[PDB]
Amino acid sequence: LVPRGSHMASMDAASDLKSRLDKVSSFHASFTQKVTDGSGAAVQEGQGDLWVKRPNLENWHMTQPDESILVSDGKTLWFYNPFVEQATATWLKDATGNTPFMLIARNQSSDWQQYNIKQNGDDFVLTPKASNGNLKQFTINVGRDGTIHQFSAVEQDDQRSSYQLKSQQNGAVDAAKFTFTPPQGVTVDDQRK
């Protein structure tokens, strides 16, 4: 019913272009180049080559107090409850909740520019520009070295979640523990249509 307007047609095009390119995370190509000064006269020709490695997605893994987990490979968000042996898969794009963890882990200008952000020293307070009720509020404390010390989040139904972080070990961890395969026996609700 609501027609496809120019702004959406452009968004759909950006999105398809992106999904195509998402399929190749690295490649090598030979090319032929041809330059033109402005008028049309052939300024230059030649052969060359190009290597590209695209960014990886962000990854995260959180263990709740109840010992159930949330795992993200950047596409899927997996939720797993080892006590009841139940697992839920959902595309991250359609995921709901856990936005602080997504913001924390992605650290992208473009996610940050969706908020009004005041800064007092190491403390930052973020109010959403688009007040649709995704996150009513988000607060975070980050050292100069980038260590996150604490943060809190207000959901749209005024549900507040606060976190105080300790024992912050930097240094890498193996990508295999950010990819989740339901263990034998676990009921899977795969909501990825």
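We number the residues from 1 along the sequence you see.
In this entry, the higher average B-factor at the C-alpha atoms falls on 131 to 139, of the pair 23 to 31 and 131 to 139. A summary of the deposited B-factors shows that, of 93 to 101 and 74 to 82, the stretch with the larger mean C-alpha value is 93 to 101. Among 157, 58, 145, 49, the highest C-alpha B-factor in the deposited entry belongs to 157. Ranking 43, 126, 69, 153 by Cα temperature factor from the entry places 43 first. Placement of the Cα temperature factor of residue 63 within the chain: lowest third of the modelled residues, per the deposited record. Remark: residue 17 belongs to the lowest third of its chain, ranked by C-alpha B-factor as recorded.
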